[PDB]
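Chains, contacts and geometry: an overview
Letter by letter, the chains look like this.
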Amino acid sequence: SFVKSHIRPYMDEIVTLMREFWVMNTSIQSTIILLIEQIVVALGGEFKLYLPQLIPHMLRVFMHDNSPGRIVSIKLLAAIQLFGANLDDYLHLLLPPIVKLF
Amino acid sequence: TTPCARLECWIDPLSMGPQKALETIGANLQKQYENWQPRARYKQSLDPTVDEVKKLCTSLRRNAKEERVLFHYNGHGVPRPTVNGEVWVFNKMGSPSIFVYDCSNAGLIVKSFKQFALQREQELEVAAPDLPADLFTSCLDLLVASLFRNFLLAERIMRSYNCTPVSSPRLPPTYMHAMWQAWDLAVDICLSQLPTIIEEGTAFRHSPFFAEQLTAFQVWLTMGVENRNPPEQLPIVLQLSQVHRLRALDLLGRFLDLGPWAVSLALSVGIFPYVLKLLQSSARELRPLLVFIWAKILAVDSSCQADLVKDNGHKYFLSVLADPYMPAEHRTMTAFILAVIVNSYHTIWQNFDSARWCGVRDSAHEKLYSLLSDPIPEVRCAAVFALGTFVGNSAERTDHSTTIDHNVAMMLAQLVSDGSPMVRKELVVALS
Amino acid sequence: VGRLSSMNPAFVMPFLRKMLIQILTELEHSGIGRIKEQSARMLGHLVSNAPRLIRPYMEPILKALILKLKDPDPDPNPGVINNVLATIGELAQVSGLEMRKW
C-alpha cells in the first residue's frame, strides 16, 4: 500500500534498502513467497531502476522455479508477476526454467 | 538553403515569463539545428497568443524556398494551448514538421491530428481543403535533461550516456566524459551509417532523400535505448519499426568499445575496426556469399565511399556489385549513391579502372543524362584514352560513346576534340 | 568448409543461442572459433554479446549454469582478440574462486 502510494519520489531512494531486506528476510518463505511476489508487483509497477536493483532477488527467483511447491500457485504468481518485472536483460536467466516449465 | 529551412522553437518554464539562461538554451538548439540548421524562432513560456503570432510569421516566412519546416515543442506543466485550432488552423516544399514533448499528449497530439485531420481531411470535401501530407509530428530521472529533445542534437552525446548506462561499461571501461573530439570525427561518420543499415534494413521504400528530414529520421532511431522506464519512452511516428533488433544496433555496441580504449589515454588511437571490418566481407556476399540477401550491405558502402577510406577497395568492391548486376544494379540505383557519389567525384588513373569499372557499369545502367557530368566525362572520360590503355578501357571508353549518339547536348564540339582522338585509336585497336 | 554466407552466421548463432543442450553450443563457439576471425563483423559483436550475456551469469545462484558458464568460457577463445581487448573475465572469475564456500 505504501509502495502503491508514492511512485517515485520516495521510491528511487529509500527502496533499495528493503530490497536488501527482502534478501534479508526470506529465501523466500512459502507464504512470504506469495507476499514478496505480490509486493514486487507493487515494486514492479514503479521503477525501471529495478534494473540496477535487480538480481539480489532475481537470484532468489530461481530458488523458486527450481524449488518449487504448492500446485504451481507460487510459480504462476511469480510467473505472472515477472511479466511485471519487465524487462530487457537477464532472459539469460529468465527463460531456462520457463522453457523447462513447459 | 544554407542552412536549409525554417524552424520553430518553444520552451515551457511555466506561463508568460523569461528566466535566467532560459534565453541561453534556445540558441543552443538553433546552433544544434544549424549543426543540422535553420531559420529558427525561439520562444519562452508564452501564453498561447504570443506563440500564435510567430507561427504566422513563419507561416509568412517564405518556405516555398525551405526544403522543410519544423514545429518544436517542449515541457510546460501540460500547456493545452490550442489542442486544435492554432495547430489545426495553421494546418496541413517548405514541408512542415511538427515536434512534441509530452508525458501523455504526444500520441494524443498525434492522435488529435488525424482526428482533427479526419475533420480537416473529410469535412473539407462537402465544401465543394486541408491535405495532410509532408506535415509530420515526431513524438517524444537521474541523468536525462530532456531525452527526445537532446536526442537529435547530441546524437552521439546521448549515445555516450547509454554507453555508460550501464552493464556493458563493465567491459569497455571506463567513463569520464567528453574530450575526444577528432577521433570522434569517425563515430558520427560511423553512427551516421550505423543507423542507415537498419534503414536500408527496414526502409521499404519510404525513405530519404530530403536531408534534415532524414537527419531526424536517423536520429529518431537513437530512441531505442528507450530503455528508461517500463514506459520505455516509445516515440510514435507515422510518416518502421523495429528499433531493438537491427544488428548494426547490437554492432555499434562494441564499435563503441573500440573507442573506449583509446579514450582512457592517450589517443593514440586512432584506427578502430569498424568501417574496415564492415568493408571486408562485403565482398563475401558480393562474391557468392549471399543468396539474393538483399546485398545486405550496399547502404554501408555509400558513406564508406565518401572518405579517402579504403576508398578504392570500396570502389573496387563497388564494381564487384556492378559485376553481380544486372539484378542488383537497380538496388545500386535504389541506393543510387553512385549518382550521388560517383558523379560527386568528377575529380582517376588507378581509380579510372574502378571509375570505369564502377562508373562504366554504372554509366552502363542505361541511363541518366550526365548533364554537366558530360563535360566532366568530356574531361575525365576523354582523358582516360590518353594512355591508349587498357582494354580495361576497351569498351569502357565507349561508355560515354553512345551518349553523344543518344541525344544532342554537344556531343559535337566537345565531341570534336574526341572526334579527333576517337577514330584515331579506332583502327589502332582493330578489335571488334 | 565455406561456412560463410551472411545468412549462415545468423543461422549459426541461434544454436549458440540454444543453449540447450549445453554442449551443442559448446561446439559453435569453437565452431565459429575460426570463423570468428574471418569477419568479426557479424561475429565479434554477436560474440561480444555472448560474454556480455555470459559474464552476468556469475552472480545468479548456483550452479549447473555457472558451470554452463565454464565450458562456453574458453570455447570462444579460438576467438582471440576480443578476449584480449577485455580480459575482465579475470576480475569476474578472479573473484569467482575466492569467495567461498557456496
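Residues numbered from 1 in each chain as written, not as in the entry; some residues may be left out. Chains lettered and ligands numbered in written order. Part of a larger assembly, values for the part shown. Heavy atoms only, no water. Residues with missing side-chain atoms left out of burial classes, pairs and counts.

What the deposited record gives as its method is cryo-EM, and the resolution it gives is 4.4 Å.

**Topic: the overall build of chain A**
On a plain count of helices and strands, chain A comes out with seven helices and zero strands. Moving toward the C terminus, one meets the helices and strands of chain A in the order α-α-α-α-α-α-α. Taken over the C-alpha trace, chain A has a radius of gyration of 13 Å; the compact-globule value for 102 residues is 13 Å, and the two agree within 12%. The dimensions of chain A, computed from C-alpha atoms along their principal axes, are 40 × 30 × 20 Å. (Helix = DSSP H or I, 4+ residues; strand = E, 2+ residues; numbered from the N terminus. Rg over C-alpha atoms; globule rule 2.2 N^0.38 Å.)

**With respect to the interface of chain B and chain C**
With 15 residues of chain B at the interface, the matching set in chain C holds 11 residues. Listing elements by their share of the side of chain B that touches chain C, those giving two or more residues are α9 (248-264), α10 (274-280) and α11 (282-289) of chain B. (Contact = heavy atoms within 4.5 Å.)

**Digging into helix α7 (residues 184-202) of chain B**
Its 19 residues give α7 of chain B an end-to-end C-alpha distance of 27 Å, which sits within 8% of 27 Å, the value for a rise of 1.5 Å per residue. Among the residues trailing α7 of chain B, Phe204 of chain B stands out with phi positive, at a value near 60°. (Expected span 1.5 Å × (residues − 1).)

**Digging into the side chain of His64 of chain A**
Residues and elements named next belong to chain A. Within the secondary structure, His64 is located in helix α5 (residues 57-64). Within the structure, the side chain of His64 is placed 3.2 Å from the backbone oxygen of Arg60, a separation counted as a polar contact. Apart from the residues within four sequence positions on either side, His64 is in contact with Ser27, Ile28 and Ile33. (Polar contact = N/O pair within 3.5 Å; in protein donor to acceptor, adjacent residues only side chain to side chain.)

**Topic: the packing of aromatic side chains**
Residues and elements named next belong to chain A. Summarising the aromatic geometry, the rings of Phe47 and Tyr50 are spaced 5.1 Å apart at their centres and angled 65° between planes, so their arrangement reads as edge-to-face. With a centroid separation of 6.0 Å and an interplanar angle of 50°, the aromatic rings of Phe62 and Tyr90 are classed as tilted. Here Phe62, found in helix α5, pairs with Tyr90, found in the loop between α6 (73-84) and α7 (91-100); they are 28 residues apart in sequence, far enough to count as distant. Cation over ring: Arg19 sits above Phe47, and NZ or CZ is 4.4 Å from the ring centre. (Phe/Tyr/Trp six-rings, centres within 6.5 Å; stacked < 30°, edge-to-face > 60°. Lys NZ or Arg CZ within 6 Å of the ring centre and 35° of its normal.)

**Overview of the pairing of strand β4 (residues 96-99) of chain B**
Residues and elements named next belong to chain B. In this sheet, β4 lies alongside strand β3 (residues 69-71) in parallel orientation, the contact comprising three bridges. Bridging across to β4, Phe71 finds its partner in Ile98. With three bridges joining them, β4 and strand β5 (residues 136-138) adopt parallel strand pairing. Among the inter-strand pairings, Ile98 is bridged to a residue of β5, identified as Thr137. (Pairing = 2+ DSSP bridges.)

**Here we look at the pattern of salt bridges**
Between side chains of opposite charge, a pair can form when the charged atoms approach closely. The shortest N-O distance in the salt bridge between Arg8 of chain A and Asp141 of chain B comes to 3.7 Å. Of this pair, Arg8 of chain A sits in the loop between α1 (2-5) and α2 (11-25) while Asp141 of chain B sits in the loop between β5 and α5 (147-151), on two different chains. The salt bridge partner of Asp141 of chain B is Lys48 of chain A, with a shortest N-O separation of 3.7 Å. One end of the pair, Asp141 of chain B, is in the loop between β5 and α5; the other, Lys48 of chain A, is in the loop between α3 (30-44) and α4 (50-53), on a second chain. Because the salt bridges share partners, they merge into one network encompassing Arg8, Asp12 and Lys48 of chain A together with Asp141 of chain B. (Salt bridge = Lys/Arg side-chain N within 4 Å of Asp/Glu carboxyl O.)

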